[PDB]
Amino acid sequence: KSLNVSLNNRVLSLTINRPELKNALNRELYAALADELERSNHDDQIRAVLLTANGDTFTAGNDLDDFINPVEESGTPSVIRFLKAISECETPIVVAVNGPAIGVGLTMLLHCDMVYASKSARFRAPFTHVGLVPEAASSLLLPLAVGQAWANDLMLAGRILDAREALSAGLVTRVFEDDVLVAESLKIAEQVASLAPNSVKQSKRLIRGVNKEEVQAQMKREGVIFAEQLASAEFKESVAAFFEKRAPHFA
Amino acid sequence: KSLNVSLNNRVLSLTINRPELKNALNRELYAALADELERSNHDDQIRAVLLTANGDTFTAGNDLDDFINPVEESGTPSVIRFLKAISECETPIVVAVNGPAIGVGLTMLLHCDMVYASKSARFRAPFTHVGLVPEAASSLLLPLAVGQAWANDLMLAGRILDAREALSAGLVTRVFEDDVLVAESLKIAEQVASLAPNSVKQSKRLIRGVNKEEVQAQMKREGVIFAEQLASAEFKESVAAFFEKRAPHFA
Amino acid sequence: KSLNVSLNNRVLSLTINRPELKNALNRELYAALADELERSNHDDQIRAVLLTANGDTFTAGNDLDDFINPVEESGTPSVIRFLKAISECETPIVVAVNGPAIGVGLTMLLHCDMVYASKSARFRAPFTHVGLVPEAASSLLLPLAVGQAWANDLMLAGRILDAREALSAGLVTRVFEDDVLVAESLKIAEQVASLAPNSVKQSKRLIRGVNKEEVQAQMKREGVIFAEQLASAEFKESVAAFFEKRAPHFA
Ligand code: NA
Ligand code: NA
Ligand code: NA
C-alpha cells in the first residue's frame, strides 16, 4: 500500500510509502490521506495522528505524471478532499519530517500541529521555479508561521532550508537524530492522545478558529490563479526547460 | 503584602510576593495587580511599569484552592479585572521573568511589552494536562508571538521551554544572568519612563490597536469553553490523577 | 546623483548615494525611489529590484533639515509617493542592508521581499526617542514580521539590533560578509528576474493581498498621530535636548 496505517494507544499512524518515487503524492495517496484524517474526526478513540514517511524523503511533492493526467476524476478531486480534511481536522497531528519536504510536502506542515524534523530534513516551496503559485493557503499561513522575510525567501526565491534553519525560523520546533525521530514523535503523539480528549479538541478548535474562514477563502483565491498558471505557456516552458536540460526563456 | 509596590523615577515596580506558594495567583493578588495597572493609566507621572516576582519562581500559575472556591466573589471576579487591566493598560510594561512562568504566568507576558528573562527562567502553558483550554486570549496571541508551530508545542503538547529556547522563538527578547535581571530591566523601564510620554502612549496604542477588539472577543470565546471544562469530569479527573499518583483515565 | 540606477539582466539596481549625509532620505531621494519603483511595475522587462546603499551606512533615516522645511511641496509629498510606490510595488524587491538602517531605513524593509544583510548591518526604529510614532505601517507589519516582543523592544525601547539578532528574530533571512553582500544579493535578484514573470508577480500578489488594505489604512492612522507629534512640544524638546547636550524634560 501507498499509505501504511496502524492504530495503537489511540494514535493513528500514517506513513507515506512510495519510496520508489520519493514519496511523490498522487491521486490514490491524497484520497487515502483524506480517508484516514476524516476517520480520525469521527472516531472518539482516535486522539492523535502521527504522520511520517518511509525512507530518506518526506515527500518530493506532486507526482508529475499524475499531475498532468488529462483524465479528470469522478466527484471531488482527491487533492481537494485532502486539503479540506487536513485543514479542518479536529484531531491533533504530530508530523515527523524524515527528509526533503518539497512543495506540498512543505505546505501540508502548516496544517499540522506539532512539527518535528530529522537532521537530514530539508524544506522547499519552489512554486515560482515551476511557474505556479502558492497552494494550501500557504500565501496566508507561511508568513504567519515564519514571518514575511522567511516566507518570501521560500516562496519567491526558492530557497532550500536545512533542519536547523527551519528550527531557527520556527517552521519546526524540534530536530532529532534520524534514527530516533519516529520513536520520539510517537511518544509525544501518545502523550497527547492520553490527555482529556475534549480539552485537546476544544483547545485546537480555539487556536484554529482564528483563521479558519480565511484559510478556506485563501485556498479558493490561490486555486483560481493556480489553475490558470497550470494551463499557461509559463508552466509548459518551466517544465520543458528542466527536461530539455536548458535555461528557460520567457520573452 | 502579596504584591510589593514602589514608585520611583516614574516607574511603578510591581513585585509578586507569595514565595511560600511559588507566587501562585489568587483573588487578592489579581485584585492588587488590577488596582496598580489601573493606577498607572490615570497617573500621568507613572510612565512605565516594571513587573517581577520574589525568589526562584515568576509564578507557578493559579492557586488551586482559591481556583475552586465555591464562595463566589462580590462584583467583577478579580481575575477578569486583571485580564482587562493588563490587556488594556496604556502604560508600557517591562516584565522580568526570574524563574518558571507557568499557565497564567506565561499568558500574562503576551500582554506585556518588553519581555525579558533570567537564565533560570522556564515557560509552560499546559492547559491540556489539566483538562482546560487557553485563556487571556493566548489562543490568538501566542501564535502571533512565536508562530503556529511553537504555539502548538506549548499549548497542545505541554512543552516546557528554557530561557534560550524562549529567546530563539521570540517569546522573550533578552536573557540575563539571574543576579542582574532586575537591575537591567529597571534601567530599561526608567529609560522608557524618561521619554516623551504622549509619543510612548500613542506608539503603544497604534501597536495594540491592531488586535485590540479581537483580543477582547477571543477572551469571551475562550471563557465560555473554559468555564465548561472547569466544571467537567475531565478537569476533576486530570487533577485527581495527579494527587492520587496515577495515570488519568478518559473513557 | 543621490540615487544611482542601472538596469541589466532584467534587474533594476537602485543604490542610495548620499554617503556624505550617511544616506539620509530627503525629498529628492524619496521622489527618485518612487519614480524607479513605479517604472518597475510598468516595464515588463524589469522583473526584480535590487536595493542597496553606498558606503558604511544603509540609511541614517530622515534628513533632519529637509524634515522640518517650512516650504511645503507641490502636489503629493515625495515621502507619501515613496511609501505608496514601495507598499504597492508588484515587482519583487531584494534589499541588501550594508550598514545601520535607522527609522525609515528599518521600516522600508517590511515592504521589501528578500531581506539580506551584511555582518556590519544594524537596525533601529527609535520613534519614541525623537517623540514621534511608527510610520510606513510598521505598527502593523513589524509585529507580524518578528513578533510582539521583538517589535516592542525595537519601537518602544529603542533597541539597536546587530545582523545576527535580526536574523534570529527573522527580520532578515541571510547575513553575508560585507565584501560579498552585493554580489550575492544581485545573483539572487537575477535568478528571480529569470523566472516565469506572471508566476512571480501573482505569487507576490497573493502574499501581499492578505494585508494590502490594512497596510494602507494603518499608514493613514499612523499619519494623523505622526503629524500631531511632529508639530508638538514633545518633538521640539526631544530634538532640542540632543543638540543642547542635555537630558530631555517632559513635565
Ligand atoms: Na477522534
Ligand atoms: Na500614566
Ligand atoms: Na515589471
# chains A, B, ... in the order shown; residues from 1 in each chain; ligands from 1

$ residues_near_ligand --ligand "ligand 2" --cutoff "8 Å" --atoms "only C-alpha atoms and all ligand atoms" --output "JSON, numbers by chain"
{"B": [39, 40, 41, 42, 43, 44, 45, 46, 47, 48, 90, 91]}

$ write_last_selection --atoms "N, CA and C atoms" --output "PDB file, in the first residue's frame"
ATOM      1  N   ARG B  39      -4.140  52.257  38.157  1.00  0.00           N
ATOM      2  CA  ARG B  39      -3.484  53.457  38.675  1.00  0.00           C
ATOM      3  C   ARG B  39      -2.499  54.001  37.644  1.00  0.00           C
ATOM      4  N   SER B  40      -1.707  53.118  37.047  1.00  0.00           N
ATOM      5  CA  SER B  40      -0.719  53.538  36.035  1.00  0.00           C
ATOM      6  C   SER B  40      -1.355  54.350  34.880  1.00  0.00           C
ATOM      7  N   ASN B  41      -2.559  53.963  34.439  1.00  0.00           N
ATOM      8  CA  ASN B  41      -3.256  54.664  33.335  1.00  0.00           C
ATOM      9  C   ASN B  41      -3.675  56.065  33.687  1.00  0.00           C
ATOM     10  N   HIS B  42      -4.092  56.270  34.939  1.00  0.00           N
ATOM     11  CA  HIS B  42      -4.686  57.545  35.371  1.00  0.00           C
ATOM     12  C   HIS B  42      -3.688  58.560  35.937  1.00  0.00           C
ATOM     13  N   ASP B  43      -2.521  58.094  36.387  1.00  0.00           N
ATOM     14  CA  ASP B  43      -1.464  58.977  36.866  1.00  0.00           C
ATOM     15  C   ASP B  43      -0.519  59.276  35.694  1.00  0.00           C
ATOM     16  N   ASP B  44      -0.511  60.531  35.247  1.00  0.00           N
ATOM     17  CA  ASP B  44       0.412  60.968  34.209  1.00  0.00           C
ATOM     18  C   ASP B  44       1.880  60.955  34.613  1.00  0.00           C
ATOM     19  N   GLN B  45       2.176  60.905  35.908  1.00  0.00           N
ATOM     20  CA  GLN B  45       3.557  60.773  36.365  1.00  0.00           C
ATOM     21  C   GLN B  45       4.010  59.326  36.549  1.00  0.00           C
ATOM     22  N   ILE B  46       3.166  58.349  36.202  1.00  0.00           N
ATOM     23  CA  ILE B  46       3.603  56.940  36.093  1.00  0.00           C
ATOM     24  C   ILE B  46       3.736  56.637  34.610  1.00  0.00           C
ATOM     25  N   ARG B  47       4.960  56.391  34.138  1.00  0.00           N
ATOM     26  CA  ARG B  47       5.229  56.255  32.697  1.00  0.00           C
ATOM     27  C   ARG B  47       5.792  54.901  32.226  1.00  0.00           C
ATOM     28  N   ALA B  48       5.992  53.993  33.169  1.00  0.00           N
ATOM     29  CA  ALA B  48       6.367  52.631  32.877  1.00  0.00           C
ATOM     30  C   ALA B  48       6.025  51.779  34.098  1.00  0.00           C
ATOM     31  N   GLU B  90      -2.471  51.242  29.198  1.00  0.00           N
ATOM     32  CA  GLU B  90      -1.909  52.222  28.270  1.00  0.00           C
ATOM     33  C   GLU B  90      -0.422  52.467  28.542  1.00  0.00           C
ATOM     34  N   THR B  91       0.020  52.076  29.724  1.00  0.00           N
ATOM     35  CA  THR B  91       1.368  52.288  30.177  1.00  0.00           C
ATOM     36  C   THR B  91       2.234  51.156  29.637  1.00  0.00           C
TER      37      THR B  91
END

$ interface_residues --of "chain B" --to "chain A" --cutoff "8 Å" --atoms "only C-alpha atoms" --output "PyMOL selection string"
chain B and resi 127-129+131-134+139-140+143-144+146-150+152-153+155-157+168-169+221-222+225+229+234-235+238+248-250

$ calpha_fit_and_write --fixed "chain B" --moving "chain C" --output "short mmCIF file (atom, residue, chain, number, x, y, z; two decimals) with C-alpha atoms, in the first residue's frame"
data_model
loop_
_atom_site.label_atom_id
_atom_site.label_comp_id
_atom_site.auth_asym_id
_atom_site.auth_seq_id
_atom_site.Cartn_x
_atom_site.Cartn_y
_atom_site.Cartn_z
CA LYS C 1 1.79 42.04 51.33
CA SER C 2 1.30 39.64 48.38
CA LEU C 3 2.23 42.42 45.88
CA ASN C 4 5.16 44.74 46.78
CA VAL C 5 4.78 48.14 45.15
CA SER C 6 7.22 51.04 44.84
CA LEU C 7 7.22 54.20 42.74
CA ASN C 8 10.47 55.98 41.77
CA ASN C 9 11.76 57.76 38.66
CA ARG C 10 8.22 57.46 37.26
CA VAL C 11 8.41 53.65 37.23
CA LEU C 12 5.79 51.68 39.17
CA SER C 13 7.62 48.49 40.31
CA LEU C 14 5.28 45.56 40.99
CA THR C 15 6.82 42.52 42.63
CA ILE C 16 4.72 39.40 43.13
CA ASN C 17 5.39 38.15 46.63
CA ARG C 18 3.97 34.80 47.74
CA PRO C 19 7.26 32.83 47.58
CA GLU C 20 5.79 30.32 50.11
CA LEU C 21 3.28 29.21 47.40
CA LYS C 22 5.69 29.73 44.45
CA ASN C 23 3.96 33.02 43.62
CA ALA C 24 0.67 31.34 42.77
CA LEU C 25 -2.01 33.86 41.78
CA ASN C 26 -5.09 34.08 43.98
CA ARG C 27 -8.05 36.55 44.12
CA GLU C 28 -6.22 39.04 46.36
CA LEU C 29 -3.16 39.17 44.08
CA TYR C 30 -5.23 39.56 40.89
CA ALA C 31 -7.17 42.41 42.55
CA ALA C 32 -3.96 44.11 43.65
CA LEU C 33 -2.36 43.79 40.16
CA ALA C 34 -5.55 45.16 38.59
CA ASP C 35 -5.54 48.10 41.07
CA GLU C 36 -1.94 49.03 40.27
CA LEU C 37 -2.23 48.74 36.47
CA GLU C 38 -5.38 50.92 36.54
CA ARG C 39 -3.46 53.45 38.68
CA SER C 40 -0.70 53.53 36.03
CA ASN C 41 -3.24 54.67 33.34
CA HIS C 42 -4.67 57.54 35.38
CA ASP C 43 -1.45 58.97 36.87
CA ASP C 44 0.42 60.96 34.21
CA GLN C 45 3.57 60.77 36.37
CA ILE C 46 3.61 56.94 36.09
CA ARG C 47 5.23 56.26 32.70
CA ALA C 48 6.38 52.64 32.88
CA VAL C 49 5.58 49.52 34.87
CA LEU C 50 8.26 47.03 35.91
CA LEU C 51 6.72 43.65 36.79
CA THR C 52 8.67 40.84 38.50
CA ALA C 53 8.52 38.33 41.38
CA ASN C 54 10.46 37.40 44.50
CA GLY C 55 12.51 34.21 44.85
CA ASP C 56 13.18 31.44 42.30
CA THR C 57 9.77 31.34 40.53
CA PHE C 58 7.95 34.00 38.48
CA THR C 59 4.62 32.26 39.10
CA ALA C 60 3.47 28.67 39.33
CA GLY C 61 0.05 29.65 37.87
CA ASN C 62 -3.39 29.76 39.48
CA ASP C 63 -3.58 28.92 43.20
CA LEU C 64 -5.55 25.59 43.15
CA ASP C 65 -7.48 26.03 46.45
CA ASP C 66 -8.51 29.57 45.52
CA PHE C 67 -9.26 28.31 41.93
CA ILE C 68 -12.07 26.00 43.10
CA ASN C 69 -13.48 28.02 46.03
CA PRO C 70 -17.30 27.59 45.95
CA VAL C 71 -17.80 31.05 47.56
CA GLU C 72 -18.30 33.36 44.55
CA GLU C 73 -16.87 36.92 44.56
CA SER C 74 -18.81 40.19 45.02
CA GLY C 75 -18.88 42.19 41.76
CA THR C 76 -16.48 41.48 38.87
CA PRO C 77 -14.13 38.50 39.54
CA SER C 78 -10.61 39.68 40.30
CA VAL C 79 -9.08 37.56 37.52
CA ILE C 80 -11.37 39.29 34.99
CA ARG C 81 -10.43 42.77 36.33
CA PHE C 82 -6.75 41.79 36.00
CA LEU C 83 -7.08 40.48 32.44
CA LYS C 84 -8.97 43.59 31.41
CA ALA C 85 -6.50 45.92 33.18
CA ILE C 86 -3.37 44.29 31.67
CA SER C 87 -4.84 43.82 28.17
CA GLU C 88 -5.94 47.49 28.05
CA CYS C 89 -3.07 49.08 30.04
CA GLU C 90 -1.90 52.24 28.27
CA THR C 91 1.37 52.29 30.18
CA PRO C 92 4.38 50.42 28.78
CA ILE C 93 5.16 47.30 30.86
CA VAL C 94 8.62 45.80 31.24
CA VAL C 95 8.40 42.24 32.65
CA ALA C 96 11.45 40.48 34.13
CA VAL C 97 10.80 36.72 34.32
CA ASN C 98 13.01 35.45 37.17
CA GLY C 99 12.02 31.74 37.07
CA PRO C 100 9.32 29.29 35.97
CA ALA C 101 6.32 31.08 34.42
CA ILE C 102 3.49 28.60 34.30
CA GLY C 103 -0.02 28.93 32.83
CA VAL C 104 -1.21 32.45 33.53
CA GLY C 105 2.46 33.24 34.26
CA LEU C 106 3.12 32.61 30.57
CA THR C 107 -0.09 34.10 29.12
CA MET C 108 0.24 37.44 30.99
CA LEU C 109 3.54 38.03 29.13
CA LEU C 110 1.62 38.29 25.84
CA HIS C 111 0.09 41.51 27.28
CA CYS C 112 3.44 42.94 28.45
CA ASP C 113 5.56 45.01 26.08
CA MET C 114 9.23 44.41 26.94
CA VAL C 115 9.67 40.76 27.85
CA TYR C 116 12.99 39.87 29.50
CA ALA C 117 14.11 36.72 31.33
CA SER C 118 16.80 35.28 33.60
CA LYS C 119 18.82 32.19 32.56
CA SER C 120 16.86 30.17 35.13
CA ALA C 121 13.50 31.21 33.58
CA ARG C 122 11.25 28.46 32.22
CA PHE C 123 7.94 28.74 30.35
CA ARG C 124 4.92 26.44 30.16
CA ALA C 125 1.19 26.69 29.31
CA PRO C 126 -0.03 23.17 29.99
CA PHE C 127 -3.80 23.79 29.64
CA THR C 128 -4.36 20.29 28.24
CA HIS C 129 -2.54 18.50 31.11
CA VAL C 130 -5.14 19.93 33.53
CA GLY C 131 -8.14 19.46 31.17
CA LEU C 132 -8.72 23.16 30.51
CA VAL C 133 -8.21 25.46 27.46
CA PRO C 134 -6.14 28.58 26.63
CA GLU C 135 -7.00 31.78 28.44
CA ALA C 136 -6.16 35.51 28.34
CA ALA C 137 -6.55 35.36 24.54
CA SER C 138 -3.41 33.23 24.22
CA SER C 139 -5.20 31.12 21.53
CA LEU C 140 -4.88 34.27 19.36
CA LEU C 141 -1.75 35.96 20.80
CA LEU C 142 0.63 33.03 21.34
CA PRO C 143 0.70 32.05 17.63
CA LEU C 144 1.15 35.71 16.66
CA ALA C 145 4.07 35.95 19.09
CA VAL C 146 6.02 32.70 18.28
CA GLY C 147 4.29 31.12 15.26
CA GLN C 148 1.83 28.23 15.01
CA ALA C 149 4.39 25.47 15.52
CA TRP C 150 5.85 26.84 18.79
CA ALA C 151 2.36 27.84 20.00
CA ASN C 152 1.08 24.29 19.52
CA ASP C 153 4.17 22.67 21.07
CA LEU C 154 3.38 24.83 24.14
CA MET C 155 -0.47 24.65 24.31
CA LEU C 156 -1.30 21.17 23.01
CA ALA C 157 1.82 19.14 23.91
CA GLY C 158 2.66 20.90 27.20
CA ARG C 159 6.30 21.61 26.35
CA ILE C 160 8.50 23.38 28.91
CA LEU C 161 10.87 25.98 27.33
CA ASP C 162 14.12 27.23 28.86
CA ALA C 163 15.19 30.86 28.51
CA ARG C 164 17.35 30.31 25.42
CA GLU C 165 14.53 28.44 23.60
CA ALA C 166 12.10 31.26 24.55
CA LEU C 167 14.55 33.76 23.09
CA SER C 168 15.04 31.78 19.88
CA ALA C 169 11.24 31.55 19.50
CA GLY C 170 10.82 35.30 20.21
CA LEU C 171 8.68 34.96 23.32
CA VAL C 172 11.37 36.88 25.19
CA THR C 173 13.94 39.26 23.64
CA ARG C 174 16.68 39.39 26.35
CA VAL C 175 18.20 36.82 28.73
CA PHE C 176 20.28 38.00 31.69
CA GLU C 177 22.26 36.35 34.47
CA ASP C 178 19.85 35.98 37.44
CA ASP C 179 21.71 38.46 39.65
CA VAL C 180 21.41 41.38 37.13
CA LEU C 181 17.95 40.71 35.53
CA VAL C 182 16.10 43.15 37.80
CA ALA C 183 18.62 46.01 37.75
CA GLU C 184 18.90 45.74 33.91
CA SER C 185 15.14 45.55 33.47
CA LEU C 186 14.67 48.58 35.76
CA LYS C 187 17.25 50.59 33.81
CA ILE C 188 15.20 49.97 30.64
CA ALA C 189 11.90 50.80 32.36
CA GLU C 190 13.42 54.07 33.69
CA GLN C 191 14.68 54.99 30.22
CA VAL C 192 11.20 54.47 28.72
CA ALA C 193 9.63 56.46 31.57
CA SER C 194 12.00 59.40 30.68
CA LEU C 195 10.86 59.56 27.03
CA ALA C 196 8.14 61.85 25.63
CA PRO C 197 5.04 60.47 27.38
CA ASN C 198 2.44 60.97 24.57
CA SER C 199 4.92 59.62 22.00
CA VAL C 200 5.20 56.40 24.04
CA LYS C 201 1.48 56.12 24.91
CA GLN C 202 0.38 56.72 21.24
CA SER C 203 3.02 54.37 19.90
CA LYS C 204 1.78 51.58 22.12
CA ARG C 205 -1.83 52.45 21.22
CA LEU C 206 -1.07 52.07 17.47
CA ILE C 207 0.70 48.75 18.06
CA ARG C 208 -2.02 47.30 20.34
CA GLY C 209 -4.85 48.83 18.26
CA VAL C 210 -4.44 46.26 15.49
CA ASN C 211 -5.78 43.33 17.58
CA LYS C 212 -7.44 45.20 20.47
CA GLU C 213 -11.05 44.20 19.62
CA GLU C 214 -10.22 40.59 18.66
CA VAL C 215 -8.27 40.18 21.97
CA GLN C 216 -11.41 41.05 23.98
CA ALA C 217 -13.66 38.84 21.75
CA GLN C 218 -11.23 35.89 22.00
CA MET C 219 -11.18 36.11 25.83
CA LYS C 220 -14.96 35.78 25.80
CA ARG C 221 -14.89 32.79 23.37
CA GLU C 222 -12.19 31.05 25.46
CA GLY C 223 -14.06 31.90 28.67
CA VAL C 224 -17.25 30.02 27.76
CA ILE C 225 -15.34 26.84 26.87
CA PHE C 226 -13.07 27.25 29.92
CA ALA C 227 -15.99 27.49 32.37
CA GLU C 228 -17.52 24.37 30.80
CA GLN C 229 -14.22 22.40 31.12
CA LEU C 230 -13.66 23.62 34.73
CA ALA C 231 -17.04 22.13 35.77
CA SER C 232 -16.55 18.89 33.73
CA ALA C 233 -15.44 15.36 34.64
CA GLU C 234 -12.29 15.88 32.52
CA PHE C 235 -10.96 18.58 34.86
CA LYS C 236 -11.86 16.59 38.01
CA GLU C 237 -10.06 13.51 36.66
CA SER C 238 -6.95 15.37 35.42
CA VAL C 239 -6.52 16.95 38.84
CA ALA C 240 -7.47 13.83 40.88
CA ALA C 241 -5.01 11.72 38.83
CA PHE C 242 -2.10 13.93 39.83
CA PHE C 243 -3.00 13.89 43.58
CA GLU C 244 -3.73 10.14 43.55
CA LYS C 245 -0.31 9.46 41.89
CA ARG C 246 -1.81 7.56 38.94
CA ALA C 247 -2.34 7.86 35.21
CA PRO C 248 -5.58 9.68 34.28
CA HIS C 249 -8.22 7.63 32.48
CA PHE C 250 -10.63 9.12 29.95
CA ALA C 251 -13.02 6.52 28.53
#

$ select_by_dssp --residues "range 3-172 of chain C" --states "strand (DSSP E or B)" --output "mmCIF file with C-alpha atoms, in the first residue's frame"
data_model
loop_
_atom_site.group_PDB
_atom_site.id
_atom_site.type_symbol
_atom_site.label_atom_id
_atom_site.label_comp_id
_atom_site.auth_asym_id
_atom_site.auth_seq_id
_atom_site.Cartn_x
_atom_site.Cartn_y
_atom_site.Cartn_z
ATOM 1 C CA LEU C 3 20.153 57.544 -6.363
ATOM 2 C CA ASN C 4 22.398 55.502 -8.717
ATOM 3 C CA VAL C 5 20.351 53.411 -11.132
ATOM 4 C CA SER C 6 21.376 50.639 -13.519
ATOM 5 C CA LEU C 7 19.392 48.064 -15.491
ATOM 6 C CA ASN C 8 20.930 44.725 -16.554
ATOM 7 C CA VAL C 11 17.229 43.692 -12.614
ATOM 8 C CA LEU C 12 16.795 47.384 -11.757
ATOM 9 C CA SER C 13 19.641 48.147 -9.275
ATOM 10 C CA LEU C 14 18.915 51.122 -7.006
ATOM 11 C CA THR C 15 21.790 52.369 -4.890
ATOM 12 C CA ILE C 16 21.191 55.131 -2.361
ATOM 13 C CA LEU C 25 16.497 60.389 2.940
ATOM 14 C CA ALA C 48 13.348 42.324 -9.939
ATOM 15 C CA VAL C 49 14.631 45.304 -7.993
ATOM 16 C CA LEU C 50 17.916 45.213 -6.069
ATOM 17 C CA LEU C 51 18.033 47.993 -3.442
ATOM 18 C CA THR C 52 21.209 48.930 -1.542
ATOM 19 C CA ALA C 53 23.372 51.912 -0.498
ATOM 20 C CA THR C 59 20.457 54.926 5.798
ATOM 21 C CA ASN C 62 15.055 61.114 7.570
ATOM 22 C CA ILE C 93 12.490 43.568 -4.308
ATOM 23 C CA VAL C 94 15.757 42.189 -2.959
ATOM 24 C CA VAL C 95 17.252 44.554 -0.348
ATOM 25 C CA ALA C 96 20.900 44.289 0.750
ATOM 26 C CA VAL C 97 21.393 46.151 4.042
ATOM 27 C CA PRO C 100 22.975 50.850 10.008
ATOM 28 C CA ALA C 101 19.318 51.027 8.922
ATOM 29 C CA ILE C 102 17.642 53.598 11.100
ATOM 30 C CA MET C 114 14.044 39.321 0.140
ATOM 31 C CA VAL C 115 15.785 40.956 3.082
ATOM 32 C CA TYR C 116 19.532 40.327 3.326
ATOM 33 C CA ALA C 117 22.219 41.999 5.445
ATOM 34 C CA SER C 118 25.977 42.384 5.902
ATOM 35 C CA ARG C 122 22.482 47.326 12.429
ATOM 36 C CA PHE C 123 18.749 48.018 12.832
ATOM 37 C CA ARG C 124 16.844 50.599 14.859
ATOM 38 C CA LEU C 161 19.913 45.057 16.722
ATOM 39 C CA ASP C 162 23.037 43.627 15.087
#

$ select_by_dssp --residues "range 173-215 of chain C" --states "helix (DSSP H, G or I)" --output "PyMOL selection string"
chain C and resi 181-193+197-209+212-215
